[PDB]
Amino acid sequence: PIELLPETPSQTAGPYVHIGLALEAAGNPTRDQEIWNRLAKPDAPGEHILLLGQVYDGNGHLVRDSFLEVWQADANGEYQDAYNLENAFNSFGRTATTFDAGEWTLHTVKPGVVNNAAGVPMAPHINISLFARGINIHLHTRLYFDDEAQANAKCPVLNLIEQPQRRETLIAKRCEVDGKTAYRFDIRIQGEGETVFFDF
Amino acid sequence: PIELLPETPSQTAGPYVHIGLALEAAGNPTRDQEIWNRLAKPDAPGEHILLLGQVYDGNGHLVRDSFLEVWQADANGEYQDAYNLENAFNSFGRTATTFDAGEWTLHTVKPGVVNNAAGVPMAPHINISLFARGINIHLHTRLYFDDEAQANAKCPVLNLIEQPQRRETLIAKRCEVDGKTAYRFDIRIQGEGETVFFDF
Amino acid sequence: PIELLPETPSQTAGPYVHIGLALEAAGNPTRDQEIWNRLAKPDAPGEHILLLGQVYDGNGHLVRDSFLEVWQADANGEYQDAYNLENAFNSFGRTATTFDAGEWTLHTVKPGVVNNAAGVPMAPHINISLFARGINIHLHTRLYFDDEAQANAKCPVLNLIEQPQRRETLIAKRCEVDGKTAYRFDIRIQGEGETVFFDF
Amino acid sequence: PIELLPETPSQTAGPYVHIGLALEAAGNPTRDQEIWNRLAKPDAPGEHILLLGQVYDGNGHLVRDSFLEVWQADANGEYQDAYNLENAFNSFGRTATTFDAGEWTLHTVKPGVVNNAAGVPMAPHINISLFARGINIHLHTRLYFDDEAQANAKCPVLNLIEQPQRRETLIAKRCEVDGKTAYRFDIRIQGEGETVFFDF
Amino acid sequence: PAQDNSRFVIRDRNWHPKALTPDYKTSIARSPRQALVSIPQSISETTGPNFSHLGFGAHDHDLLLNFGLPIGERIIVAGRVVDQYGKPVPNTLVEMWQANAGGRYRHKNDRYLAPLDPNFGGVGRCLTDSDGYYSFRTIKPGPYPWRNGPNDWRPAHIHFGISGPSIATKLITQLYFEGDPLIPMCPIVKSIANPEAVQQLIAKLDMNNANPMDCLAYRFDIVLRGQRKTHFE
Amino acid sequence: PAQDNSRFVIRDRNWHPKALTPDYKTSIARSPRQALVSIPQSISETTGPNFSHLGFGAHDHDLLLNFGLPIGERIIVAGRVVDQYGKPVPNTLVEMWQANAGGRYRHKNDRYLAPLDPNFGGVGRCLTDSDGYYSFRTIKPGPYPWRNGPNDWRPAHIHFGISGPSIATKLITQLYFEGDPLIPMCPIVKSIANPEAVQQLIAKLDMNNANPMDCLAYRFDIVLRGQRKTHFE
Amino acid sequence: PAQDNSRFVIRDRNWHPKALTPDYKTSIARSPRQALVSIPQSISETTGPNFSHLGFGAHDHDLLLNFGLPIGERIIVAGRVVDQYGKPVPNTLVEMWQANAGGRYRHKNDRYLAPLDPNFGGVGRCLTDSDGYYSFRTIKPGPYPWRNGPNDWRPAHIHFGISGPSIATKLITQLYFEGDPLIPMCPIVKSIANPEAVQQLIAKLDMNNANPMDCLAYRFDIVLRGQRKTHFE
Ligand SMILES: O=C(O)c1ccc(O)c(Cl)c1
Ligand SMILES: O=C(O)c1ccc(O)c(Cl)c1
Ligand SMILES: O=C(O)c1ccc(O)c(Cl)c1
Ligand SMILES: O=C(O)c1ccc(O)c(Cl)c1
Ligand SMILES: O=C(O)c1ccc(O)c(Cl)c1
Ligand SMILES: O=C(O)c1ccc(O)c(Cl)c1
Ligand SMILES: O=C(O)c1ccc(O)c(Cl)c1
Ligand SMILES: [Fe+3]
Ligand SMILES: [Fe+3]
Ligand SMILES: [Fe+3]
Ligand SMILES: [Fe+3]
């Protein structure tokens, strides 16, 4: 068969990922412009939300050194690929778990609907990449919203997961934080209620 | 050492096993003669019973595409190897789990006692071979009856299982279905209450 | 792919073939029973005929050392394989070309029709194998009769020859010898009007 | 020495070439635009002529599965490379021999004179490429006109053919068809009158 | 009834694929975590059904007629069933199933876009003869995509089921075709750790058995566990 | 009009199959007995048709749509056309024809018993792009028996025709599929004396180009005679 | 009468010597120029004579007594006749002829100066037994000069003819003797392209079969076309 150049092999980010990608967290001075957890500016169109979660290992222990990268469409279901701090909305963000509480947060808007390659609409979702020491190759997942039951039921992606019980691992639970709309998305790397992780 | 020709290597039956072995199940036209789940004709000697069960995976999820093969003695404890649809009783049978409910059924008679190689009587049992996608090499098990406690206690086979707790996994639970004597035999492939599987 | 043991390789019969297969010809004492050129006994049913011909090399020169074997059905279109000198008819015979004249002769009957594998009748024909010094592997051919034009036209074998002009090479020309029905069948190994040779 | 990438090796067109290159001939539906045997439209400048011929094998038997490609200058001795069905004249065409009659035909104009690399005029000619089952690599030939004997005599290409007699094999014979100017150009692949084939 | 007169060579569980072969995704949740319990052979395990009296239809083994002619490569799949000692296994049941020429299976659950072939069922059964020989006539199956990795394709294959002399010999395998480049990339093939074991599943082109101007042939010999008489028991 | 501005590397007639290759029976009577006559390249030989303005249909290159869906292995056949110097051959005409999944050709002369596919024609054409790339969408053809020796079978193949920048470059060839065991047995293939040359006709399985859950892909690059500018002529 | 119940593996015309082998001078004018025409097997080709009822003389197979005692090396020439499947060919006609110890043939046309042996004929016949075995007792033939190249010599050889079950299997060949230095120099031997095929014609010294203080023995096995039953025809 035909073989291309092999891709550079992945390696765990290690426990010091923060020094390179989450300066503040590392307890280091940050530079002028940093890629962080505030996707939307107050004046950004859409429903402003707060996302938060915890990461658990197979022992049910918090993973306090995790690093997360997110990709989502704006409120109009459009991917804003031109990253700029001046933008009212950025499709890309970064977050990390606190060494204390071990909880990450993100400030964004609920994404609009986008269609799959076959033209079928996907339920509103946020694409998540999880990195950490102990993780050889980043884990891919999707965050869906519990208040999009109808859309969720028809998602061609959610539907690819054979076991319905497993689908539930991808649904963030709507809540309120200081009277603000928030969604909690905990990730269970392993065991009971282990989060669905994708390959693409 | 002496090396014989190597036995042809096993491969999973795959999801479509029905097309070959359970025509009616695959939703295909059957042939004149099929090997199915009715080992005994109504007029066959012995206690007529119904067997039923579900097969679960390591997640506790139903295995809806399983294929099962059975081998048992007649009421006299005799293995009738000459397979004929004309016979009142056949020692061999086949069944599969419904793609809906996920339960298989077998219509037979309670097997009579059979002695092991050393002349010790085994408790009444039905030999089972489990096949399905995800199963590289079929799983062998045995179904014993909860109403043969006395006999079960002395089974030389049952007694080979180190942990008594695991012996219970092979005991089918007597019930009644439509005023008929039935036994439920669930198979747990993996995890909590994992069914004993044999090598021979 | 699967390989069988290789067939033993052919070799030319050489110029002295006669010593082993045409004793009379080699000018040596014959044995009690010889396989020769008289397939039919006077009292054999069917139309008794005389076959005769010459063999030409690529230069148009007579091949005076050829050895031929023939296989044909009897008048009833039946193959008589049980060779016996006592038979009124034998399906097998042998002949050779005179070192002088360079002509061979055979005494037989006109063969009845036989069907090919597909159940289609073949025109009356005599199967021939030609041997000789200079011939590494014997040549296979068929002898058809000029007076069976109807049948010849329908021969599924004769019809396999692409060029109609080549088909003519297989047709023996009826003649009379001392008021006896004869057919002359000359073989041109190579060149102008080269005889059709088969592979089967 | 310096070696470049080797050219993909040729393979015979096979007997079904028509399917890909002579749809009408294969007796299959054609597409909107087909490359065929009419190089010139009625209103194309130059002397309109009909080309026809038969192709013979080594045995003098007609090759009925042959495929031909032609390349010629227009009447002004110009090679029109931009192929377009809209054009009055196309320098390129395709033809094939009938499965019945086994004759090909081409509708064009007599090509004007073109100079060779040395700036020497070549006699009016049509470049031909012959393809068919049994031909591993296509044969290249040139069609010259019997009515251009003066030009023919000075052709730097014709002159490369050592033997005068072989030169004759390239000359088309002027005829009339329905009072139309025609030239017959029979190709003899092998034997007596074997057509000169080129390498370039 | 059946008699406990035989013993079967113990299976080599390192030769056969292991239960847990992560690359074959489904194997994860469908593999035991406890070790199998070994048990001595008894009449229960050393006997099995004999299908001699099963009433087989005329074209049970001819996939070309048992369902117009199917579209695809006409082939004969033939071989012999023998035990580890090289002894023929006569009158044994051989069952097979496959996809059509496009890799489409005639089963409810097959949603692959390759269309069904109106003249193709894809099921056959044959009882080996006196000499352990069996033969089928069918069309070569096409490979097909499956939801394992994002770009997994099973090599063209035929599913096989062989009864043998007892439930201890009973086996389900897959036949693969000689030279298929998909073979080495298949996670299911790869459930088999030893390359030599993989070789045993590859059918070889067999020109000797082909019918000229008709169909080709493939040879697939099957080896069942060695059968021996009991001794000094 | 066209201009004589290029020379083409002389063909290696020891690399290409010879005219007389007796195992391919037909070549005997259809091969010259006289030596070919070499002639210098002139405008007649160094020019040829340019098909850029040919009006191609939407599915000219899609054998799945250009004639239901055909039964068979869905594949994409793609590659690049380059010259001996490794230079892409843009806007060049690539035509192809082949049998259906069973080895049956849609031609009046084909009497093989495998049936026709109501949805399959077997013809495609594609103009290489700016980079010399072409692609076809089809079904993998079946091998087929032919009247050569008594048991001859063409390996699965796709016939190809390539124009190139000139008549000097025009070529007709066959694409064979990686691992086909029939390949080494073919008298036509074997018309090629050099095994290295045979390798160049073997399309390789290209998983990188496959459409997951849809079709496989084969890669077939073609090399035409290297083209150079004339110098010191 | 005979019945068409068998098929014969197709002959490998590259294994056997070709017709045109220019070094063997006579072959030039005695080889066809047209290709052989392949035809399907029918009752005509799959049947042949059975010599079981031929009335053989007591010393038909004993060249030491079938014509004093001849001068030369007493040897038994024995072997088995089997088909490609390794099945024995019982009751088949094996005929042999050879020169004397001096390489002189008892044929009018032989004018070689080596003398004739008053007690040596040079002809034998033997019907193979139930196990496909045959045997001859003779003297080892001498090499002989032949008019081919200016100094050509045939290695010592014994000519063989074998009937087999049909005219399809019938074969004529030559046995050579293990270690003979003339072998590799013989243009007749060399008509065989493959060195491996040549090896098949070499009779091996067989001390196991020799009669101590009497005669030596050579083993020469013959393989005829594999015979199989028709199927799906
Ligand atoms: O503890 C770890 O996992 C660890 C420590 C250092 C380091 O560089 C990496 Cl990549 C990992
Ligand atoms: O999904 C699976 O496990 C699967 C699919 C197809 C197939 O042939 C096999 Cl063996 C397995
Ligand atoms: O002259 C010949 O062709 C010749 C001579 C002797 C001999 O043994 C053979 Cl096989 C051939
Ligand atoms: O008969 C022939 O020459 C023939 C048949 C089939 C085929 O694919 C080719 Cl290239 C040639
Ligand atoms: O075969 C294995 O790898 C295997 C078997 C049992 C078990 O519990 C584990 Cl973790 C692994
Ligand atoms: O290539 C060959 O073998 C070849 C070419 C021409 C010719 O006349 C002969 Cl006899 C042979
Ligand atoms: O085998 C050969 O070399 C061969 C066969 C036929 C034929 O016509 C020619 Cl010229 C050569
Ligand atoms: Fe580090
Ligand atoms: Fe499958
Ligand atoms: Fe000799
Ligand atoms: Fe073809």
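Here is how names work: the chains are called A, B, and so on, in the same order as the sequence lines, proteins then strands, and each is numbered from 1. Excluded from the calculations below are hydrogen atoms, water molecules and symmetry mates; all remaining heavy atoms, backbone and side chain alike, are included.
- Ring geometry, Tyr144(G) versus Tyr105(G): the interplanar angle exceeds 60°, so the pair is classed perpendicular (tilted spans 30 to 60°).
- Contact check on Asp23(F) versus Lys18(G) returns a salt bridge, with a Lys/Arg side-chain nitrogen under 4.0 Å from an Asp/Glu carboxylate oxygen.
- In this structure, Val55(C) and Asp186(C) have side chains that are not in contact, with every pair of non-hydrogen atoms separated by 4.5 Å or more.
- Two residues are said to be in side-chain contact when any heavy atoms from C-beta on lie closer than 4.5 Å; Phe8(G) and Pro165(G) meet this criterion.
- Between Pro88(G) and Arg80(G) the shortest side-chain heavy-atom distance falls below 4.5 Å.
- Looking at heavy atoms from C-beta onward, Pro32(G) lies out of side-chain contact with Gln190(C) at the 4.5 angstrom threshold.
- Looking at heavy atoms from C-beta onward, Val82(G) lies out of side-chain contact with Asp221(G) at the 4.5 angstrom threshold.
- Using a distance-only test at 3.5 Å, with no hydrogens or angles considered, a donor-acceptor pair links the side chain of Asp62(G) to the main chain of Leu64(G).
- A salt bridge between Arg30(G) and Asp65(C) is present, with a side-chain N of the basic residue lying under 4.0 Å from a carboxylate O of the acidic one.
- Side-chain contact between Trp97(G) and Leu21(C) is present, with heavy atoms from C-beta onward closer than 4.5 Å.
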Salt bridge (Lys or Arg N to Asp or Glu O under 4.0 Å) assessment of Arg219(G) paired with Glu178(G): CA-CA 10 Å; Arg219(G) 169 72 178 205; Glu178(G) 172 155 30; over 6 Å; no
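- Aromatic ring pairs are classed by plane angle as parallel below 30°, tilted from 30° to 60° and perpendicular above 60°; the pair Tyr134(G) and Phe160(G) is perpendicular.
- Side-chain atoms of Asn37(C) come within 3.5 Å of backbone N or O of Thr105(C) as a donor-acceptor pair.
- Ring geometry, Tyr218(G) versus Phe177(G): the interplanar angle exceeds 60°, so the pair is classed perpendicular (tilted spans 30 to 60°).
- Under the 4.0 Å criterion applied to side-chain N and carboxylate O atoms, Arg188(C) and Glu194(C) are not assigned as salt-bridge partners.
- For the residue pair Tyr79(C) / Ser44(G), a side-chain donor-acceptor distance below 3.5 Å is found, with atom types taken as modelled.
- Residues passing the salt bridge (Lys or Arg N to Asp or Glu O under 4.0 Å) test with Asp60(G) are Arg125(G), sequence neighbours excluded.
- In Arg111(G), the CZ atom is crowded: over 12 heavy atoms of neighbouring residues, nucleotides or ligands sit closer than 6.0 Å.
- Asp32(C) CG: 12 or fewer foreign heavy atoms inside a 6.0 Å radius.
- A heavy-atom distance below 4.5 Å is found between the side chains of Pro17(G) and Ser10(C).
- The backbone N or O of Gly134(C) lies less than 3.5 Å from a partner atom in the side chain of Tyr24(G), making a donor-acceptor pair.
- Between the side chains of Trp71(C) and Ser166(G), no donor-acceptor pair of N or O atoms lies under 3.5 Å.
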